[PDB]
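Asker: Sequence plus experimental coordinates follow:
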Amino acid sequence: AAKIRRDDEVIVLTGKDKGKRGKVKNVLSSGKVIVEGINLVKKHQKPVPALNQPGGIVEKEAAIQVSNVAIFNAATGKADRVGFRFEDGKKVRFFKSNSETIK
Amino acid sequence: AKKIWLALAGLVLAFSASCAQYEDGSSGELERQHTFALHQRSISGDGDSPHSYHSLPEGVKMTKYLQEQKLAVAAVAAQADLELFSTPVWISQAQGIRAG
Amino acid sequence: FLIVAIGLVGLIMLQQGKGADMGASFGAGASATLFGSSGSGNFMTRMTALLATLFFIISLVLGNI
Amino acid sequence: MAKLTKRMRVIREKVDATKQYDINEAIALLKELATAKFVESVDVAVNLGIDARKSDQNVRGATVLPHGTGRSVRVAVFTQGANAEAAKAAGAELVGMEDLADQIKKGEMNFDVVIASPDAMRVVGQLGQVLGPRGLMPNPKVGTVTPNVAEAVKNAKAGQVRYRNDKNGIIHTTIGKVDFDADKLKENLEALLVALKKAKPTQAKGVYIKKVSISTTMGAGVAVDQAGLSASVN
Amino acid sequence: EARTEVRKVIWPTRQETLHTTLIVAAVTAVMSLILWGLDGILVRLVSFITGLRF
Amino acid sequence: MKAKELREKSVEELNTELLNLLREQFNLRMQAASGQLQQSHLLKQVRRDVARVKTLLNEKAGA
Amino acid sequence: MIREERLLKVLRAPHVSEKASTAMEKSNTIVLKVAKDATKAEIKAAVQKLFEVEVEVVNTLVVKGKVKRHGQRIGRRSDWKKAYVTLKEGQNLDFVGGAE
Amino acid sequence: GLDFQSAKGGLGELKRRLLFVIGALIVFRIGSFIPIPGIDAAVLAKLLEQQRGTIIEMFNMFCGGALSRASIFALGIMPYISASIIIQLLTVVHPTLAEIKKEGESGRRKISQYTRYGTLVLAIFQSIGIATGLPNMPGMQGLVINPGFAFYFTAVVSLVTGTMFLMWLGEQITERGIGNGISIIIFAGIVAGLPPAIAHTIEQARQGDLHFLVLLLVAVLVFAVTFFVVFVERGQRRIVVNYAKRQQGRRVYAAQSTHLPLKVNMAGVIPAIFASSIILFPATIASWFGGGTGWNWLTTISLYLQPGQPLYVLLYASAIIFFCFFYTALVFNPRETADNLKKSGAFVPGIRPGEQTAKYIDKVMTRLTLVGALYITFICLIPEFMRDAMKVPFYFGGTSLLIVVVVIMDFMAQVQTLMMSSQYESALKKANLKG
RNA sequence: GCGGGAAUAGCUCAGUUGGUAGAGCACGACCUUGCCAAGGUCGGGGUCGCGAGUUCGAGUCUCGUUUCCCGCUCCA
RNA sequence: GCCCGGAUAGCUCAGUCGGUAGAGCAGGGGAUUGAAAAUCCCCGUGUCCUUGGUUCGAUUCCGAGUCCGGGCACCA
RNA sequence: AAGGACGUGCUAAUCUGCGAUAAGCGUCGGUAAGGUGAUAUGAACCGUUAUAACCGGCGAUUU
RNA sequence: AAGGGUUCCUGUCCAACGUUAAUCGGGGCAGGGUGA
RNA sequence: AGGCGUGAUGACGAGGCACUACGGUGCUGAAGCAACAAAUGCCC
RNA sequence: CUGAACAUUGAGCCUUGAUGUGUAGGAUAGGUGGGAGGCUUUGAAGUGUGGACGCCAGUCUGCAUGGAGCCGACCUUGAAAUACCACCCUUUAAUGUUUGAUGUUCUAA
């Protein structure tokens, strides 16, 4: 099914990054997403279209898996699928991870 | 140095070392000889500064240089093909001996 | 005589502007099309300059014969 | 063989001659080929449809004719000279063992009726092979009016003419003299045509009365018309 | 043709917009503030001078 | 796509595609290829739109 | 009509840059990349009906592409045709030719 | 970009600088009225403003009104520019000397220390020349000082004294405020112009008349001219063709990336003025001479032109259009940027360097310069058409716009060229740990 | 050194389980003819290469030997 | 180099049952003739190629040896 | 037709897909909050739950 | 001509490729070019 | 086939006159006929 | 696939004539049945021709003359005996033929 949104809340299941959260900037067609501030690596960047534009070792978002992150519900960090079991003529999301029944 | 060069052109065009039009013509009034008005001015330039709290600019002008690596060969010359040869060599024998 | 008197002071006055100009001001006070020391701060040096502007008006009246 | 003499010549010159005429016309012609003033053997050559010759598909037998042959009736006995029905119930001229055997089989005889008795007939068929034109040999049936050999020899002494087959199936039987009369001839002819019909050999091919020819000696002959079942319908 | 050739080139050439021009406008206002100022003080100083020498 | 095709009418659509191709794509593709009006997004449209009109004609003789 | 819009689909890019393509537009002729149409008559009638350019001799020449000598499979640039269309009137100053 | 200016205004640092500047301009206006012991600033200021016919316009453009409406001295900024020029000769000769100058912090100190010494020698020579000259042509000078032994002695000394004072003045201001300093003086000149003009708009007001119509048109006009000059100037024809292909891949394709545009679709404000000054100048030189009694013949030729294409307006106008067009086409010389581009390596995209690259590069510049020529004329025309129904103007017409533009563009360019860097650095240091 | 051939009338030349073993010419005697040819008749002769073995019987079959002859060692 | 054969009274040659060697042509003599050819008869000279051996006796049997004639590889 | 040749994109080689209506087009449905296949992902843009894109039936075009 | 198929020319770059070195070349890089 | 009119009062042309940024361009122009000797080619 | 007439010629039943000679039989034995006998008046025979053999002394008969009567020795040998009357095949002739051969002529395949 799915667990993706373009604003999704996570509690982060990635080690060294647990207990953190962030919007999902963009969803990638690689099973990956970009969560705020936790995929930052220092990147030896060489200017391209080279101008004033800074080189240095710049903080640059990588991307981690969606299965190596876990959702945040609304009071709990539990993840065990989000229900798409209800059809209003189209599948609608709700929590069944902690059963708080909201998208 | 670039700025000075602009200054020089402005001065030159004065064709009188700046304003130095002798008094007379029709209006009276003693004559002067002036300073050297003008400006200077800048021009591509430099600037930028992602500052502004609510704004953002870019650049303009420059160049580049890449020499990267071209590597392949020789490696990319022994796998992308094959120089097989059967080596055709004939060794005509020599008989005629009488072993009877 | 009036015209002479201003002049003596003016020359003393100049020496003073320069003295001010080098320390706070930057040793580029005159024409230098860059800059690198004033703007940050309030100093002594602004006042010498202020004086100079003011001074020019003073000189003629006095001088006036 | 055949003579140039007038009575012989006219038939002899013709190819496919001896053609069939009614019995009265036949006998009327036959008389006139000669002048009566001598004996001459009148024969019948009755032609059976068998083409069987010198074989055991010959028809041979013997019938009692109510009259004599053309040279006056004389008898010579083929015997074994220790007979039982040819030397003891009909007798013979002499009891010859082969004193009489020779005479039959010799072919020069002054006896007309060649009597046969056993000398072998259970191993000799109806065969014409190296038998005599004048002589003969017992055959499986020697009679055709008696189906007994013993009684046949009896019959032969009474006055039986023993007749046997040819190349063309010809049963030659001496009918009489020329000094016979038309009717005396008729009686004999009838005795022989009826005899062949009565019985025949069953060790041979059948009978059937084809051409009946009648001839006298020195002249030729002409033949009598036949239906082949009766000489009294044709 | 010579004037025109120059025009014909202009119409393509004009690019690299100053959608910025509101900055230039904002600067114009700042340039204006100054003018107002020279005139005011000139009346104050001039006034002091008018009593002494006028 | 949807409503575009559906509101087309034979007489109309015929003369509309002439405009599409010539003097709305004809100019564009030449300018763009020399960098004098190269905007890549405009190339993607027009091309995949003039196509549509011709479809209806050979399918069912216009909408 | 004399021709359809698909016989006026014949130009997809001009040639207006570098040697013998700026030089041979200023001094003589005009030059444009003419798809791969394989016609000369309809290219004359292209610049009649569209534009308003008048021409002299129209010259047709096949261009067989040029190598890309780094492989992968076949490589090489695609075929096209170059045509010297040749002005007789117009005298166009680039990105003009007519259109009403 | 708009967003960018606005931000600065909020922060403390700018506000202090902006405040200072309004003060700075004032200091200059005040100074101008009150005289000089050497020539006499107030008398000089008036005369210049008046009329003068042909003579006034030529003098006025180059000046910008700077001290042609606000006259004081007869030396100051010119010695700084002269001195600055000698150092430029010195820099060229010796590479090492140039290097220090380029680095901004080092560079600035050097220039003044050298300039003050130079300026003093130089100035005495200029002053003596100026002093002899000034009395002779009218007969008379000043009214705090009058021609004679006394005027010569005072004049030399006074120009020199002034020159040094100004140099220090100019420096305090640049850092304290925004916009170069040399620029400020020029700017005051624009200000000096303004009341006569202002008085006339005030009179018109609203009333639903011709006068109402004109106010609305004038307000609009000032802005429009400003906008139109601006749009063209940035106006860039921007061709980016990457040199070779260099296989494919990386981004959309990794080629040697050459992005060249240096195009300015206008001709540039300093060039524009130049063409205009030059036509005027032979006549203007004559006119004074003629009056004195000297070079009578030179004046007579100037007068002759009026029987063809008449009116004082008509000769100048026609000539000025041709001249803008002419100047630009021929030469690429009095526009620095044009010269610089050519010298450094480059090649036109699609073209193989040789005769063909040289040809093409010149051609763009020849168009560009012609383009500029056209635009300047169009601004000037709009008043000329407008005025005949509306009312005659007198400060909202044509050779003034050119005067107004050069001072601004440059003042503005400088505030950016320091100002962006300054903020960036300031921000940066604090993050590091550094005041 | 090997393999196959023969030694028979003066001469040239048959035969042969081993039975009384032959021709043509020369030679002996005749005849035609003066006499010889040519022509014509009529005779003789054999250690049957030599010695044994086989046997009543050898030259041969069998075995040894003397003399006279051929064909081979191409091939290796 | 090897195997074979011949070596005769003047010239040319026969000569095995080893035991006393003859034939022819020259040549001489007699017969024939008128005298001769031819043809017939008679004549002796070989100490039967040297040297040993077997033998009572060998030219003739055996072993060498000579001179001459026969047949056979310089080298692959 | 199978199978090819040559084209075809935002541009550039090939690969992939597709044919001058050319990495698609229409129509009906499924599906959908993210997408514009790949080497090399960039550039420009598009859609955002309901009109893109993706998937299928049917049709068009199919050099 | 046949045949090759851009190898031509132009500017560049030199790791591999020309029997060497190699700034150079018909190599790499990309352009321009054959007009009836 | 080849020669002579005409095409052509033109082009081309030895060599000179100018300036240049040293890439190169502008300025000008004499004679232009006669005779003899040729090919495996041409008439063929 | 491929026919018609007519000409010529072996052989089978046959039909009508003339020899049918082995050995023995004097001579006339294809053969098979009748059979010791023919004088019928241009008629067999006899006298002469051809065919049969001359093997023990002979006669037969085609066919002409001829109204003009002979000889199997009315033997006997053998497997069978002769004239003559039916009548056979060969050698041969003519007919009816049946069949296999070739030829000739023709046109319809």
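Answerer: Ah, there it is. Numbering: from 1, shown residues only, chains lettered A, B, ... in the order given.
Asker: Give me the buried stretch members for stretch E:46-54, please.
Answerer: Buried residues in stretch E:46-54, counting neighbours by 16 or more other C-beta atoms under 10 Å in any protein chain shown, are absent. Just so you know, the C-beta spots here come from the backbone N, C-alpha and C atoms, and that holds for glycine as well.
Asker: In contact with the residue in chain A that chain H sits nearest to: list those residues for me.
Answerer: Closest contact between chain A and chain H, by C-beta to the nearest C-beta, is at residue A:49 (6.7 Å). By C-beta atoms under 8 Å, 6 or more residues apart in numbering or on different chains, the contact list for residue A:49 reads B:62, B:64, H:257, H:259.
Asker: how near is the last one to RNA strand L?
Answerer: Relative to RNA strand L, residue H:259 is positioned 16 Å away (criterion: C-beta to the nearest atom of the strand, to the nearest Å).
Asker: can you pull the contacts of that residue?
Answerer: Counting by C-beta under 8 Å, 6+ apart, residue H:259 makes contact with A:49, B:62, H:240.
Asker: So the second one sits against residue A:48, correct?
Answerer: So that's residue B:62. No. Look at residue B:62 against residue A:48 with C-beta atoms under 8 Å: they stay out of range, at 10.9 Å.
Asker: and stretch F:46-60, does that touch RNA strand K?
Answerer: Yes. Against RNA strand K, stretch F:46-60 shows contacts by C-beta under 7 Å from any atom of the strand at F:47, F:48, F:50, F:51, F:52, F:54, F:55, F:56, F:57, F:58, F:59.
Asker: In CSV, list the contacts of residue A:49 along with secondary structure and distance to residue D:202.
Answerer: Below are these laid out as CSV (DSSP: H, G, I helix; E, B strand; the rest coil; distance: C-beta to C-beta, whole Å):
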residue, secondary structure, distance to residue D:202
B:62, coil, 151
B:64, coil, 145
H:257, coil, 142
H:259, strand, 146
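Asker: Please list only the buried members of these.
Answerer: Of those, these count as buried by 16+ other C-beta under 10 Å: B:64, H:257, H:259.
Asker: out of the residues you listed, who's nearest chain G?
Answerer: For the buried ones among the contacts of residue A:49, the nearest to chain G is residue H:259 (16.5 Å; C-beta to the nearest C-beta).
Asker: Up against RNA strand K, what does chain F have?
Answerer: By C-beta under 7 Å from any atom of the strand, the part of chain F that sits against RNA strand K consists of F:1-2, F:5-6, F:29, F:32-33, F:39-41, F:43-44, F:47-48, F:50-52, F:54-59.
Asker: how near is residue A:41 to chain F?
Answerer: 31 Å (C-beta to the nearest C-beta, to the nearest Å).
Asker: need the contact list for residue C:64.
Answerer: By C-beta under 8 Å, 6+ apart, the contact set of residue C:64 is C:2, H:35, H:37, H:144.
Asker: Tally up the residues packed near the residue of chain A found nearest chain B, please.
Answerer: Nearest residue of chain A to chain B: residue A:51, at 3.9 Å (C-beta to the nearest C-beta). If you count neighbours by other C-beta atoms under 10 Å in any protein chain shown, residue A:51 ends up with 16.
Asker: helix/strand/coil for the residue nearest to it when sequence neighbours are not counted?
Answerer: Spatially, and ignoring its direct neighbours in sequence, residue A:51 is nearest to residue B:59 (3.9 Å; C-beta to C-beta, 6 or more residues apart in numbering or on different chains). When classified by DSSP: H, G, I helix; E, B strand; the rest coil, residue B:59 comes out as coil.
Asker: Residue B:59 reaches residue A:53, doesn't it?
Answerer: Yes. Between residue B:59 and residue A:53 there is a contact under C-beta under 8 Å: 6.7 Å.
Asker: elements contacting the strand or helix carrying residue F:3?
Answerer: Residue F:3 is part of helix F:2-6 when elements are defined by DSSP states H and E. Contact here means 3 or more C-beta pairs under 8 Å, 6 or more residues apart in numbering or on different chains; DSSP states H and E; on that basis helix F:2-6 packs against helix F:40-60.
Asker: From the chain's centroid, how far away is the helix it packs on?
Answerer: 5 Å (C-alpha atoms, centre = their mean, to the nearest Å).
Asker: Contacts made by that helix with the rest, please.
Answerer: F:4-5, F:8, F:13-14, F:16-17, F:20-21, F:24-25, F:28-29, F:32, F:62-63.
Asker: and that helix, which residues are buried?
Answerer: By neighbour count on 16+ other C-beta under 10 Å, the buried set for helix F:40-60 is F:42, F:50, F:53, F:56.
Asker: how about the residue of chain E found nearest chain G, phi and psi?
Answerer: Nearest residue of chain E to chain G: residue E:8, at 4.0 Å (C-beta to the nearest C-beta). Main-chain torsions, residue E:8, degrees, to the nearest 10: phi -50, psi -50.
Asker: for it, what are its contacts?
Answerer: G:93, G:94, G:95, G:96.
Asker: Closest to the centroid, which residue in chain D?
Answerer: residue D:173 (2.2 Å; C-alpha atoms, centre = their mean).
Asker: who's in contact with that residue?
Answerer: By C-beta under 8 Å, 6+ apart, the neighbours of residue D:173 are D:43, D:44, D:46, D:63, D:65, D:161, D:163, D:188, D:192.
Asker: Tabulate the residues you listed in a markdown table, adding columns for neighbour count.
Answerer: Output for the contacts of residue D:173, formatted as a markdown table (neighbours: other C-beta atoms under 10 Å in any protein chain shown):
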| residue | neighbour count |
| --- | --- |
| D:43 | 20 |
| D:44 | 26 |
| D:46 | 25 |
| D:63 | 23 |
| D:65 | 23 |
| D:161 | 22 |
| D:163 | 24 |
| D:188 | 23 |
| D:192 | 23 |
